[PDB]
$ cat start04.cif   # mmCIF, C-alpha atoms
data_structure
#
loop_
_atom_site.label_atom_id
_atom_site.label_comp_id
_atom_site.auth_asym_id
_atom_site.auth_seq_id
_atom_site.Cartn_x
_atom_site.Cartn_y
_atom_site.Cartn_z
CA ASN J 1 13.42 -2.27 -2.84
CA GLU J 2 14.37 1.29 -3.79
CA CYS J 3 11.55 2.23 -6.24
CA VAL J 4 8.94 2.22 -3.43
CA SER J 5 11.49 4.12 -1.26
CA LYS J 6 11.33 7.01 -3.75
CA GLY J 7 7.58 6.59 -4.45
CA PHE J 8 7.91 5.08 -7.99
CA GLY J 9 5.55 2.66 -9.78
CA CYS J 10 6.58 -0.80 -10.99
CA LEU J 11 5.50 -1.59 -14.57
CA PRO J 12 6.33 -4.05 -17.42
CA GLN J 13 9.19 -2.87 -19.75
CA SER J 14 6.55 -3.18 -22.50
CA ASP J 15 4.15 -0.66 -20.80
CA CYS J 16 7.02 1.50 -19.46
CA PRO J 17 8.97 3.53 -22.12
CA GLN J 18 12.76 2.92 -22.35
CA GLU J 19 13.07 6.61 -21.29
CA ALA J 20 11.07 6.13 -18.06
CA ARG J 21 12.82 2.79 -17.18
CA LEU J 22 14.75 3.64 -14.01
CA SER J 23 17.68 1.86 -12.28
CA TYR J 24 16.20 1.89 -8.77
CA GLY J 25 16.23 -1.99 -8.90
CA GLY J 26 13.13 -2.90 -6.90
CA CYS J 27 10.24 -3.68 -9.24
CA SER J 28 8.68 -6.90 -10.62
CA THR J 29 10.50 -6.25 -13.94
CA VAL J 30 11.23 -2.53 -14.45
CA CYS J 31 10.66 0.69 -12.54
CA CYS J 32 8.56 3.40 -14.24
CA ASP J 33 8.81 7.14 -13.61
CA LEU J 34 5.40 8.35 -12.36
CA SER J 35 6.67 11.98 -12.64
CA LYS J 36 7.26 11.40 -16.41
CA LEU J 37 4.16 9.24 -17.07
CA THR J 38 1.62 10.36 -14.46
CA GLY J 39 1.45 11.21 -10.75
CA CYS J 40 -2.35 10.81 -10.27
CA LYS J 41 -1.47 8.56 -7.27
CA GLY J 42 1.31 10.74 -5.79
CA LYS J 43 -1.10 13.76 -5.76
CA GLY J 44 -3.58 11.66 -3.68
CA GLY J 45 -5.67 10.43 -6.67
CA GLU J 46 -7.16 7.13 -7.86
CA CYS J 47 -8.87 5.64 -10.93
CA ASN J 48 -12.65 6.18 -10.82
CA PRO J 49 -15.45 4.94 -13.13
CA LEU J 50 -17.26 7.45 -15.42
CA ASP J 51 -20.41 6.68 -13.35
CA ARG J 52 -18.65 8.18 -10.27
CA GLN J 53 -18.98 11.94 -9.79
CA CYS J 54 -15.56 13.57 -9.23
CA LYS J 55 -13.01 16.05 -10.67
CA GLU J 56 -10.70 14.37 -13.20
CA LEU J 57 -7.91 16.17 -15.09
CA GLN J 58 -7.36 15.70 -18.85
CA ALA J 59 -3.71 14.67 -18.24
CA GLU J 60 -4.66 12.39 -15.30
CA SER J 61 -7.58 10.67 -17.12
CA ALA J 62 -4.91 9.18 -19.45
CA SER J 63 -3.53 7.13 -16.48
CA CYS J 64 -6.65 4.98 -16.20
CA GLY J 65 -7.31 5.02 -19.96
CA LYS J 66 -10.39 5.06 -22.23
CA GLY J 67 -13.70 4.47 -20.40
CA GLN J 68 -12.19 5.63 -17.04
CA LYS J 69 -11.50 8.96 -15.24
CA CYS J 70 -8.73 9.61 -12.70
CA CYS J 71 -10.40 11.29 -9.68
CA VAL J 72 -8.53 13.14 -6.91
CA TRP J 73 -9.48 13.94 -3.31
CA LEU J 74 -8.20 16.33 -0.60
CA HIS J 75 -5.61 13.64 0.41
#

$ encode --input "start04.cif" --output "structure tokens"
Amino acid sequence: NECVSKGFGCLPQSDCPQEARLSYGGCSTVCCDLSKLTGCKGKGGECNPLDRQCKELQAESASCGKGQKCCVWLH
């Protein structure tokens, strides 16, 4: 697997835009570019519920979606 070797995220070709679809050959179906979509994970962040107190960015909140907020820690 090469995607994981570069720190990419595997996604369905339906979720992943034809522009983000990489050729790293190492995902369930297609490799998605986290640098083009979102790097909430790469920056040491994770999806958190709206009931959880944390600092979420407007561009990172998109990652999780509606009804969720991408929180980040000092990691």

$ residues_around --input "start04.cif" --residues "stretch 41-55 of chain J" --least-positions-apart "3" --cutoff "12 Å" --atoms "all atoms listed in the file" --output "list in words"
residues 4, 6, 7, 8, 9, 33, 34, 35, 37, 38, 58, 60, 61, 62, 63, 64, 65, 66, 67, 68, 69, 70, 71, 72, 73, 74 and 75 of chain J

$ residues_near_point --input "start04.cif" --point "(6.7, 1.1, -10.9)" --cutoff "12 Å" --atoms "only C-alpha atoms" --output "PyMOL selection string"
chain J and resi 1-13+15-17+20-39+41

$ axis_aligned_box --input "start04.cif" --around "stretch 62-68 of chain J" --padding-each-side "4 Å" --output "AutoDock Vina command-line options"
--center_x -8.6 --center_y 6.8 --center_z -19.2 --size_x 18.2 --size_y 12.7 --size_z 14.0

$ decode --input "start04.cif" --residues "stretch 30-71 of chain J" --atoms "N, CA and C atoms" --output "compact mmCIF listing (two decimals), in the first residue's frame"
# COMPACT_ATOMS: atom_id res chain seq x y z
N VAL J 30 -10.40 3.78 -4.31
CA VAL J 30 -9.61 4.90 -4.80
C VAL J 30 -8.97 5.65 -3.64
N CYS J 31 -7.83 6.26 -3.92
CA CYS J 31 -7.15 7.11 -2.96
C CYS J 31 -7.63 8.56 -3.12
N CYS J 32 -7.93 9.21 -2.00
CA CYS J 32 -8.32 10.61 -1.96
C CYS J 32 -7.24 11.49 -1.34
N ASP J 33 -7.07 12.67 -1.92
CA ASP J 33 -6.11 13.65 -1.46
C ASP J 33 -6.63 14.45 -0.27
N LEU J 34 -6.16 14.12 0.93
CA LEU J 34 -6.53 14.85 2.15
C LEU J 34 -6.05 16.30 2.08
N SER J 35 -4.92 16.59 1.43
CA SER J 35 -4.45 17.97 1.28
C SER J 35 -5.40 18.82 0.42
N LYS J 36 -6.11 18.21 -0.54
CA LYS J 36 -7.08 18.89 -1.39
C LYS J 36 -8.47 18.96 -0.77
N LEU J 37 -8.87 17.91 -0.05
CA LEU J 37 -10.18 17.80 0.57
C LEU J 37 -10.15 18.40 1.97
N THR J 38 -9.38 17.79 2.85
CA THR J 38 -9.21 18.20 4.23
C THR J 38 -8.13 17.39 4.95
N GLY J 39 -7.33 18.08 5.77
CA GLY J 39 -6.27 17.47 6.55
C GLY J 39 -6.54 17.55 8.04
N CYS J 40 -7.81 17.56 8.47
CA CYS J 40 -8.17 17.61 9.90
C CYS J 40 -7.42 16.53 10.68
N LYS J 41 -7.26 15.34 10.08
CA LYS J 41 -6.53 14.21 10.67
C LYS J 41 -5.03 14.43 10.70
N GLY J 42 -4.45 14.82 9.57
CA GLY J 42 -3.00 15.05 9.44
C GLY J 42 -2.47 16.11 10.40
N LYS J 43 -3.27 17.15 10.69
CA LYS J 43 -2.97 18.18 11.69
C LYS J 43 -3.27 17.74 13.14
N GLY J 44 -3.47 16.45 13.39
CA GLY J 44 -3.76 15.91 14.72
C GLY J 44 -5.16 16.26 15.22
N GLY J 45 -6.16 16.11 14.36
CA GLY J 45 -7.57 16.41 14.62
C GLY J 45 -8.48 15.22 14.36
N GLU J 46 -9.67 15.27 14.96
CA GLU J 46 -10.67 14.22 14.87
C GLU J 46 -12.09 14.80 14.92
N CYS J 47 -13.04 14.08 14.33
CA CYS J 47 -14.45 14.45 14.39
C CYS J 47 -15.00 14.38 15.82
N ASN J 48 -15.57 15.49 16.29
CA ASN J 48 -16.19 15.58 17.61
C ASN J 48 -17.66 16.01 17.51
N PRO J 49 -18.51 15.54 18.43
CA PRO J 49 -19.91 15.93 18.48
C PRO J 49 -20.04 17.39 18.91
N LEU J 50 -21.12 18.05 18.49
CA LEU J 50 -21.43 19.43 18.89
C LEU J 50 -21.60 19.61 20.40
N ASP J 51 -21.90 18.52 21.11
CA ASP J 51 -22.00 18.47 22.57
C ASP J 51 -20.62 18.50 23.26
N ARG J 52 -19.55 18.18 22.52
CA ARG J 52 -18.18 18.23 23.02
C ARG J 52 -17.60 19.63 22.83
N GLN J 53 -17.07 20.18 23.92
CA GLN J 53 -16.38 21.46 23.89
C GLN J 53 -14.98 21.31 23.30
N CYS J 54 -14.72 22.01 22.19
CA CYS J 54 -13.40 22.07 21.56
C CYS J 54 -13.35 23.22 20.55
N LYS J 55 -12.18 23.44 19.95
CA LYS J 55 -11.96 24.41 18.88
C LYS J 55 -12.02 23.73 17.52
N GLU J 56 -13.06 24.02 16.76
CA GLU J 56 -13.25 23.52 15.41
C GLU J 56 -13.12 24.66 14.39
N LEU J 57 -12.44 24.40 13.28
CA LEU J 57 -12.30 25.39 12.21
C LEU J 57 -13.46 25.28 11.23
N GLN J 58 -13.80 26.38 10.56
CA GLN J 58 -14.90 26.40 9.59
C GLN J 58 -14.63 25.49 8.39
N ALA J 59 -13.36 25.42 7.96
CA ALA J 59 -12.93 24.56 6.86
C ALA J 59 -12.79 23.09 7.28
N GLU J 60 -12.45 22.85 8.55
CA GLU J 60 -12.34 21.50 9.09
C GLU J 60 -13.69 20.90 9.47
N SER J 61 -14.64 21.70 9.95
CA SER J 61 -15.99 21.24 10.29
C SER J 61 -16.68 20.54 9.12
N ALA J 62 -16.36 20.98 7.89
CA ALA J 62 -16.85 20.37 6.65
C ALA J 62 -16.53 18.87 6.57
N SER J 63 -15.34 18.45 7.01
CA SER J 63 -14.87 17.06 7.02
C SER J 63 -15.90 16.12 7.61
N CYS J 64 -16.28 16.38 8.86
CA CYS J 64 -17.31 15.60 9.54
C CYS J 64 -18.67 15.75 8.86
N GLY J 65 -19.08 16.99 8.60
CA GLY J 65 -20.35 17.30 7.95
C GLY J 65 -21.31 18.05 8.85
N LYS J 66 -22.56 18.17 8.41
CA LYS J 66 -23.62 18.82 9.19
C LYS J 66 -23.94 18.04 10.46
N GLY J 67 -24.09 18.76 11.58
CA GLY J 67 -24.37 18.15 12.88
C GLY J 67 -23.12 17.65 13.60
N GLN J 68 -21.92 17.91 13.06
CA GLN J 68 -20.64 17.54 13.65
C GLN J 68 -19.63 18.69 13.54
N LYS J 69 -18.58 18.64 14.36
CA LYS J 69 -17.52 19.66 14.41
C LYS J 69 -16.15 19.00 14.55
N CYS J 70 -15.25 19.25 13.60
CA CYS J 70 -13.90 18.69 13.64
C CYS J 70 -13.05 19.40 14.70
N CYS J 71 -12.77 18.73 15.82
CA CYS J 71 -11.92 19.27 16.87
C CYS J 71 -10.46 18.87 16.65
